[PDB]
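K.L.:
enclosed are the sequence and the experimentally obtained structure.
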Amino acid sequence: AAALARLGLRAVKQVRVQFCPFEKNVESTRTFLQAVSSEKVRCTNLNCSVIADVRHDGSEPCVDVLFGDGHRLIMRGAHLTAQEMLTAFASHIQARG
Amino acid sequence: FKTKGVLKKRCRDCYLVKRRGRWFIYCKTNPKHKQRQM
Amino acid sequence: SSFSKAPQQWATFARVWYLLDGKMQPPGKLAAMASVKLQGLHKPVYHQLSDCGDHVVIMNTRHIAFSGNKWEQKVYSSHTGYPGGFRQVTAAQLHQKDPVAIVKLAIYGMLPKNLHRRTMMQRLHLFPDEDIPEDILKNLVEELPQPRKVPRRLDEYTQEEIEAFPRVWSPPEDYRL
Amino acid sequence: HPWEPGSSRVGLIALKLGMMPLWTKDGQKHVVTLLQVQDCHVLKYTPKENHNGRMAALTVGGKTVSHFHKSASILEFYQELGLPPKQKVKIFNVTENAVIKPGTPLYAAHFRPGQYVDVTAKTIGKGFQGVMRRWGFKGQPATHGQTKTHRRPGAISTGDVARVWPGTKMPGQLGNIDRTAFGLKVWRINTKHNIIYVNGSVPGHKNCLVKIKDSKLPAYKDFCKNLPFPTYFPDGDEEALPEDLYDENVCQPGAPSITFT
Amino acid sequence: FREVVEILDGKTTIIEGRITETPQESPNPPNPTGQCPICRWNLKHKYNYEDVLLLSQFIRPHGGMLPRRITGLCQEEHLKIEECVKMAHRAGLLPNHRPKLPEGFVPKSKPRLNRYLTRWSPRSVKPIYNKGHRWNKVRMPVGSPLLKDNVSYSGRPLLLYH
Amino acid sequence: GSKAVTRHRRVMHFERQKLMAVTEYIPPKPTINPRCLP
RNA sequence: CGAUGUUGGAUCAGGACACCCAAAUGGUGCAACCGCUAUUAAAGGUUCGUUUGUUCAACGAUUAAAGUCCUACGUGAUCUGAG
RNA sequence: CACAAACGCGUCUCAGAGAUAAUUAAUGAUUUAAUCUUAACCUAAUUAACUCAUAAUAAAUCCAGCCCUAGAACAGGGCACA
Ligand SMILES: [Mg+2]
Ligand SMILES: [Mg+2]
Ligand SMILES: [Mg+2]
Ligand SMILES: [Mg+2]
Ligand SMILES: [Mg+2]
Ligand SMILES: [Mg+2]
Ligand SMILES: [Mg+2]
Ligand SMILES: [Mg+2]
Ligand SMILES: [Mg+2]
Ligand SMILES: [Mg+2]
Ligand SMILES: [Mg+2]
Ligand SMILES: [Mg+2]
Ligand SMILES: [Mg+2]
Ligand SMILES: [Mg+2]
Ligand SMILES: [Mg+2]
Ligand SMILES: [Mg+2]
Ligand SMILES: [Mg+2]
Ligand SMILES: [Mg+2]
Ligand SMILES: [Mg+2]
Ligand SMILES: [Mg+2]
Ligand SMILES: [Mg+2]
Ligand SMILES: [Mg+2]
Ligand SMILES: [Zn+2]
Ligand SMILES: [Zn+2]
């Protein structure tokens, strides 16, 4: 959550996280949620909304992030680890923006 | 950089690194904390 | 056993040419057997006042190996004799310059230190790679076994040998490589 | 063959005439050395693999000498050639696209004005010399009570070393030996008598034989492309050269007589 | 062994985890009670820098050591295997385990000096100019002291400094 | 000749050194390491 | 001690690096110019005068700098002899 | 400067490539972040030395005399023009 704060999230439009709480594989995506939801990252820009989509049946956890490059970054955490998602997020959404 | 017989971190931001067969202390915040083990 | 005198004596003290492959061998272990064969100490008829010593041909000298960090630390020093003529040179540098040097020096250090050293140094032939004058090829009697067994790399092993050796641990499927 | 980038030409064997002043259009004075090429032929050719394993070798002859005072061997060497004996013979390193045929003449036109050359010769022999002339040691003072020392080398070594080192500068032979002058501009070429005017002093005594080639100095390396290369051939062009070729900075023996403005 | 794939389609980027098949521990170990992976195969004090078939099992496709908690090695043996892996890289075994870089294969350097049993890294070692006499003598390290416990069939202890 | 007590650590008679070297402590070595046991 | 002739100069210097200059860098209570420190580097350099027998030292003028030392306080079968 | 010379106070010429130390970086494991790395692999930026391109030398044996910008002696260059 700190490495996201240092990186100036203001280049982002909308961040949603779609996941399924009763699956065994979702801990990673959750960790991502609480990393982006933190006060530092949340207050870097007020133009960005963070939406948590919670469903029992969907069965596939997902993270979708739009930003003002006209870019859409969608990472499906299934077997992906938390800090791999956050590193991918950092190098992807910072270097472009 | 100073050559020293004993290395010690002078603040929380100092880190300790082995290069060229030596130990070093590099510090990003205070460069004056730089140290080279002799 | 029955020979005339002259051919008998000639056969006994006959010179011989040994071939010694150098690839991936420590110049020291090389120089050891090279030294023995140069002094003719492998002959039961040996004596120091008999000329007996045999030719040794070492090849693939460029491909010499050095255990440890010796390539960096071992320095060959010399002096031109002029003031400020003292030259220290790392083994890597020396080898880079002159392919034969390392192994030659080692052998020259292990021979006895008398005048015969200079003679039996003349019976030593060193070739950086395998290119040998056919003249010198045509004398070779036999080839000495290389003093170090060279370990194969990972790509040298047959798949038979790779599946024959046990998987020691079982990695988690989640973990990424 | 045509000219390749890293190529090198044959040289010449000339004869040091004397020295002359020469002037440049900016007003400055120069002094030059006249080198006359007398009879210069390439004698034999050693291929690349037989000599240095890098560059081929051409052997060039100097001025003609008497038959009677050479040796059976040498006279045989010229006999099979068909030239008269040459006084001096030097060896030139040559890239294999530059090679000529033994028995070929070489002329002064081989060098074009504005260029740089290298001139090698035996220096003037000054004989067995003292330490002051040979090395340039000061002596000891003349008058203040010095006894029999006014020239001698002084201390020749250290107390503890107990020997004298090998480099030690000491009295001895000076000057008959080979040196090379580098970076010499060529100003003027006299085509009638085959004379090269080079810049400054060239080592050797006047009337001695000399070895010229293009400068191997780094800044001048590729200058060769504009030069008559394999060498110069007075036959082939079927046009004569002017009596003299000059550099563009050279005030000529007849001229406007420069007026600044 | 889980590969992570990244795709670029029309200003949309997809990143996804994908699972492949991991080979499994060979069926029947000699010392099943044994705790650590080296030990239950009776390889303790046996493997050297030279034994690649063993070493290549703990490392990454790019040549770096695997972490300890994944592998399960007894701490001591982990260090030994790390030493060995370094020493084996340096020795020029495991040529397939380097990172692949299409440009840098082209620029030749002086043909690799053949070396083996090298404890330090080549760039880090000062040449010893001063040697020193019989009584104070500078010795050149060969192999690592971590392996000084390997079984000696000759009976003479391995010589770690010359 | 040096006094019995000195500042500089005082090289021993060779035979005494041999004594010192023979009588060094040898730690007991278990047949199986307790860590690699169950 | 049946002699290993002694201070400072002259001449010629050999060497160390614990670097005075030249080169490459780290830190600064380094803005820039100056500096003050520390690291690496010894191929080449390291002035001329007034007074002292002087080595030191003081002073004049300069230098990119006018290094610290070792060599029987280098060097008298090469010189000097002021002490 | 009273020998045809020697000489300075006068005139001419003087260089490429590779290598490094300290120290900066890039990729990246042990320690799935980092991290210049007595971890690998390729790597870059980088003092002086020091090596090396390159230059110089480089024709085995005629030599009595006589000349010489060659020389203590010995050697060495000339002696067919003219
Ligand atoms: Mg003379
Ligand atoms: Mg005088
Ligand atoms: Mg007197
Ligand atoms: Mg007298
Ligand atoms: Mg007098
Ligand atoms: Mg002595
Ligand atoms: Mg006592
Ligand atoms: Mg006495
Ligand atoms: Mg006596
Ligand atoms: Mg000196
Ligand atoms: Mg230093
Ligand atoms: Mg400086
Ligand atoms: Mg000096
Ligand atoms: Mg004293
Ligand atoms: Mg004295
Ligand atoms: Mg005296
Ligand atoms: Mg006297
Ligand atoms: Mg004396
Ligand atoms: Mg990483
Ligand atoms: Mg960084
Ligand atoms: Mg050379
Ligand atoms: Mg003659
Ligand atoms: Zn600090
Ligand atoms: Zn264990």
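P.N.:
Yes, it's here. Residues are numbered from 1 along each chain as shown, chains lettered A, B, ... in the order given. Ligands and ions are numbered 1, 2, ... in the order given.
K.L.:
please, where are all the helices along chain E?
P.N.:
Secondary structure of chain E (DSSP state H): helices at E:37-40, E:52-55, E:68-71, E:75-91.
K.L.:
give the contact list for residue C:59.
P.N.:
C:19, C:20, C:21, C:22, C:126, C:127, C:129, C:130, C:132 (Cβ atoms under 8 Å, 6 or more residues apart in numbering or on different chains). C-betas here are computed from N, CA, C, even on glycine.
K.L.:
just list whatever residues bridge to the second one.
P.N.:
Here residue C:20 shows beta-bridge partners residue C:58, assigned using DSSP bridges.
K.L.:
residues of chain E that sit close to chain A?
P.N.:
For chain E, the residues in contact with chain A (Cβ under 8 Å from any Cβ of the partner chain) are E:2, E:4, E:6, E:11, E:12, E:13, E:14, E:15, E:16, E:17, E:18, E:19.
K.L.:
now the two most distant members of those.
P.N.:
Greatest spacing in these, by Cβ to Cβ: E:11 and E:19 (28.4 Å).
K.L.:
what about the two, which has more around it?
P.N.:
residue E:19 (13 against 10; other Cβ atoms under 10 Å in any protein chain shown).
K.L.:
please tell me I have it right and that one contacts residue C:173.
P.N.:
Yes. Taking Cβ atoms under 8 Å as the definition, residue E:19 is a contact partner of residue C:173 at 5.9 Å.
K.L.:
any shared contact partners between those two?
P.N.:
E:1, E:2.
K.L.:
before we move on, back to that, between the residues of chain E next to chain A, which is closest to chain A?
P.N.:
residue E:17 (2.8 Å; Cβ to the nearest Cβ).
K.L.:
so how far is ligand 24 from the closest one?
P.N.:
Applying Cβ to the ion, to the nearest Å, the value for residue E:17 to ligand 24 is 32 Å.
K.L.:
quick check: closest non-adjacent residue to that residue.
P.N.:
residue A:79 (2.8 Å; Cβ to Cβ, 6 or more residues apart in numbering or on different chains).
K.L.:
neighbours around the one you found, how many?
P.N.:
Around residue A:79 there are 18 residues (other Cβ under 10 Å).
K.L.:
mind telling me what element the most centrally placed residue in chain B is part of?
P.N.:
For chain B, residue B:25 is the residue whose C-alpha lies nearest the centre (Cα atoms, centre = their mean; 1.6 Å). Secondary-structure assignment from DSSP states H and E places residue B:25 in strand B:22-27.
K.L.:
quick one: name whatever helix or strand follows that strand.
P.N.:
Following strand B:22-27 in sequence, per DSSP H and E, is strand B:35-37.
K.L.:
buried ones in that following strand, by neighbour count?
P.N.:
B:35, B:36 (16 or more other Cβ atoms under 10 Å in any protein chain shown).
K.L.:
which neighbouring elements make contact with it?
P.N.:
When contacts are defined as 3 or more Cβ pairs under 8 Å, 6 or more residues apart in numbering or on different chains; DSSP states H and E, strand B:35-37 sits against strand B:2-4, strand B:22-27.
K.L.:
the longest one pairs with which strands, parallel or anti?
P.N.:
Which is strand B:22-27. Assessed with DSSP bridges, strand B:22-27 is paired to strand B:14-19 (antiparallel), strand B:35-37 (antiparallel).
K.L.:
ok, is the last one in contact with ligand 23 or not?
P.N.:
No. Shown here: strand B:35-37 not in contact with ligand 23 (Cβ under 5 Å from the ion), separated by at least 9.5 Å.
K.L.:
chain center to that strand: distance?
P.N.:
Here strand B:35-37 is found 5 Å from its chain centre; the criterion is Cα atoms, centre = their mean, to the nearest Å.
K.L.:
what's next to that strand, contact-wise?
P.N.:
With Cβ under 8 Å, 6+ apart, strand B:35-37 has contacts from B:1, B:2, B:3, B:4, B:5, B:7, B:8, B:22, B:23, B:24, B:25.
K.L.:
with just CA atoms, put stretch C:39-57 into PDB.
P.N.:
The C-alpha trace of stretch C:39-57 is given here as PDB (Å, rounded to 0.1, in the frame of the first residue of the first chain):
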ATOM      1  CA  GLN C  39      63.700 -36.100 -16.800                       C
ATOM      2  CA  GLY C  40      63.300 -39.700 -17.800                       C
ATOM      3  CA  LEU C  41      62.300 -40.600 -14.300                       C
ATOM      4  CA  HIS C  42      59.800 -43.100 -15.600                       C
ATOM      5  CA  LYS C  43      62.600 -45.300 -16.900                       C
ATOM      6  CA  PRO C  44      63.900 -48.100 -14.700                       C
ATOM      7  CA  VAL C  45      67.300 -47.400 -16.400                       C
ATOM      8  CA  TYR C  46      67.300 -43.800 -15.100                       C
ATOM      9  CA  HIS C  47      70.400 -42.100 -14.000                       C
ATOM     10  CA  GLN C  48      71.200 -38.400 -13.800                       C
ATOM     11  CA  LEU C  49      74.300 -38.700 -16.000                       C
ATOM     12  CA  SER C  50      72.500 -40.600 -18.800                       C
ATOM     13  CA  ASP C  51      70.800 -38.300 -21.200                       C
ATOM     14  CA  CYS C  52      67.600 -40.300 -20.900                       C
ATOM     15  CA  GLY C  53      64.500 -38.100 -21.100                       C
ATOM     16  CA  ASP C  54      61.700 -38.200 -23.500                       C
ATOM     17  CA  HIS C  55      59.900 -35.700 -25.700                       C
ATOM     18  CA  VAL C  56      56.600 -34.500 -24.400                       C
ATOM     19  CA  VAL C  57      54.000 -32.800 -26.600                       C
END
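K.L.:
enumerate every residue touching residue 9.
P.N.:
Here I'm looking at chain A. For residue A:9, the contact set (Cβ under 8 Å, 6+ apart) comprises A:41, A:44, A:45, A:48, A:93.
K.L.:
which of those residues fall in helices?
P.N.:
Secondary structure from DSSP H places A:41, A:44, A:93 of the contacts of residue A:9 in helices.
K.L.:
can you put those residues in a markdown table and add neighbour count?
P.N.:
Compiled in a markdown table, these are given as follows (neighbours: other Cβ atoms under 10 Å in any protein chain shown):
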| residue | neighbour count |
| --- | --- |
| A:41 | 23 |
| A:44 | 17 |
| A:93 | 21 |
